[PDB]
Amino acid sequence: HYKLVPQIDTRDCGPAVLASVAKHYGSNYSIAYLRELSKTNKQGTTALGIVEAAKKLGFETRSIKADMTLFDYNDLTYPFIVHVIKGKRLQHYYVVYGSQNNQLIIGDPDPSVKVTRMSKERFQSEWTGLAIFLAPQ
């Protein structure tokens, strides 16, 4: 049900989450292509890079600073992208597919994680609050 394009190269988390969301809307783009479109470098992809690439793909985008109450809003549109700090990884992102109970269903491009359930507590600890929403225009 939840489509996720995993990363292989350590710098490709940005291209991966973008490819994942795009795939949900029926479009399939390679990591190599999105890496170039998002100006991804050795350090990874910036939030601006993800947004710029998405816009070039024909998606209406918006970046917001939110908190955990976001998941209590029943009209919330999934899936979307979030910026999470994992250890020294300052440019890691997850795809958020939904929420069930005290857990969220997330898509981590890390090939050893992929799609999994994560407690709201754990997620809240890693999340910067940044959320990127995309929609076909």
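Just count from 1 along the sequence shown to find any residue number.
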{"item": "Greater mean Cα temperature factor according to the PDB record, 41-49 or 70-78", "value": "41-49"}
{"item": "Segment of higher mean CA temperature factor, 126-134 or 1-9", "value": "1-9"}
{"item": "Residue with maximal Cα B-factor (values as given in the PDB entry) among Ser63, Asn102, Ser30, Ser112", "value": "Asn102"}
{"item": "Assigned third (lowest, middle, highest) for the C-alpha B factor of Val96", "value": "lowest"}
{"item": "Ranked C-alpha temperature factor of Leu57 among modelled chain residues, by third", "value": "highest"}
{"item": "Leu90 CA temperature factor, ranked by third within the chain", "value": "highest"}
